[PDB]
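Only one chain is given next, in structure tokens, and it is the form solved without the partner chain.
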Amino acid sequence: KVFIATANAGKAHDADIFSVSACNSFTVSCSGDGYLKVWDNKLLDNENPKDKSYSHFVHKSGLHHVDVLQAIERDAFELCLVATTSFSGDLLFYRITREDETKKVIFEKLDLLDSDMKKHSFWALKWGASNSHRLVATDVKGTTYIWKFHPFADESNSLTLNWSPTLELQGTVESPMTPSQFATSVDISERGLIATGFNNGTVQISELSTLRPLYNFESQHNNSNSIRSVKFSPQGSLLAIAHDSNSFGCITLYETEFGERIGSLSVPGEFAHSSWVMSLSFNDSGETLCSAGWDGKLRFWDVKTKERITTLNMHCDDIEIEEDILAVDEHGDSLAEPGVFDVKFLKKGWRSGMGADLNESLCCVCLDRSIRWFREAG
């Protein structure tokens, strides 16, 4: 299989674009300048993604994680909720709606957290859809938090679709080590497991129903050995972990019943990327894993064979509109091969236009302040 660029936007935010997510209706990015940007996914051929993009200021400290929940309630009612975390440690929520028939996006801030929860400094977050919805987040001190999301305050509201969301805290999972370390990443599986990655290379697996830690393991080994991304495969009992290993980027695979290391992904072998693997994203079936590297590459791996199928090399001049190419950074250094901060697979049908319809697609955000979309080709 191969992946081909379909649309992109250069100078898409005014500062680093650290995270990107998506739902059927749109792709959403966040940046260190403090803004969220929503990108309409139903894009007409040759249409400029920027034309249909909407910006919203969130917090002056900048934003480093975003995820969106697009709930389908009763087959006809859109509930699209963006959760985003700021460098200040705040966890903010916005309901995304569209104007009557202007298509103009409206962001409504929702106050869902209690005052005591706001005293924590949150880092990673992830929506766990359709199970009552679930939200998981970590804080910088190492704790993992789990809430149940409810679109209606009570059944009388549900019966009239009077959206009135609430976030009900289920509990927390404490870090396994002392002193506690920075929890850089988290994921929630479709089968009731939570994984939390730390900047010392440790990963802790917990049970979603009891909120009890099951076990914790270490990647292995002055140099950084930080975990950067943890993702459960949608199929089977596999967990992919991206982590630093002496200036290089690794991806190690683990079976989730006991946490045994069962394999690794690398290109002719030693490492997955020549620099850090910043993020990971599985496709819908879980047969392909895309990794985003600080080396400016997206690599696509066939999970079964553990082989790299294809590699896309990001370049600042990939940007279609010449005026939006950002060829050097603020220090004047070349952005010829911009590191990739995050990558996200989009479900079949989410992306419209540029021949993507009916094929799965992908989006990544890079160090040259760009956002790029690709479609899987035959």
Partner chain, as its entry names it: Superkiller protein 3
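Numbering follows the first chain given and starts at 1.
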Unresolved deposited positions lying between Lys103 and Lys104 come to none
Deposited residues missing from the model between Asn131 and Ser132 number 4 to 9
Assert higher mean C-alpha B factor (192-200 or 300-308, deposited values) equals 300-308
Higher avg CA temperature factor (43-51 vs 321-329, as deposited) belongs to 43-51
Note to self: of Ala83, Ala76, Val186, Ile241, the C-alpha temperature factor tops out at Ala76
Note to self: of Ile96, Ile72, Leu161, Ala272, the C-alpha temperature factor tops out at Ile72
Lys1: CA temperature factor from the record, placed by chain third, in the highest
Sorting the chain's modelled residues by C-alpha B-factor and splitting them into thirds places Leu214 in the highest
Here the Cα B-factor of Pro165, set against its chain, lands in the third termed highest
Of the three thirds of Cα B-factor ranks in this chain, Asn225 occupies the highest
Among the modelled residues of its chain, the C-alpha B-factor of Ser31 falls in the third labelled lowest
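Only in words, not in the display: the form solved in complex with the partner chain, which the text now covers.
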Close approach of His221 to the partner chain in the bound PDB entry, 4.5 Å, heavy atom | yes
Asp187 near the partner chain in the bound PDB entry, any heavy atom under 4.5 Å? no
**Report entry** in the bound PDB entry, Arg228 touching the partner chain (heavy atom, 4.5 Å)
**Finding:** yes
message: Using a 4.5 angstroms cut-off on non-hydrogen atoms, would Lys347 count as touching the partner chain in the bound PDB entry?
response: no
Among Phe271, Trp127, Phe300, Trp163, just one has a heavy atom within 4.5 Å of the partner chain in the bound PDB entry, namely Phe271
Contact with the partner chain in the bound PDB entry, heavy atom within 4.5 Å, among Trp147, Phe93, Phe152, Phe87 goes to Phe87
Suppose contact means a heavy atom within 4.5 Å; in the bound PDB entry, does that hold for all of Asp14, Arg261 and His331 with the partner chain? yes
Testing 252-260, 67-75, 163-171, 206-214 against the partner chain in the bound PDB entry with a 4.5 Å heavy atom criterion leaves exactly one stretch, namely 252-260
Of the residues spanning 56-79, the ones with some heavy atom within 4.5 Å of the partner chain in the bound PDB entry are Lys60, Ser61, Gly62, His64
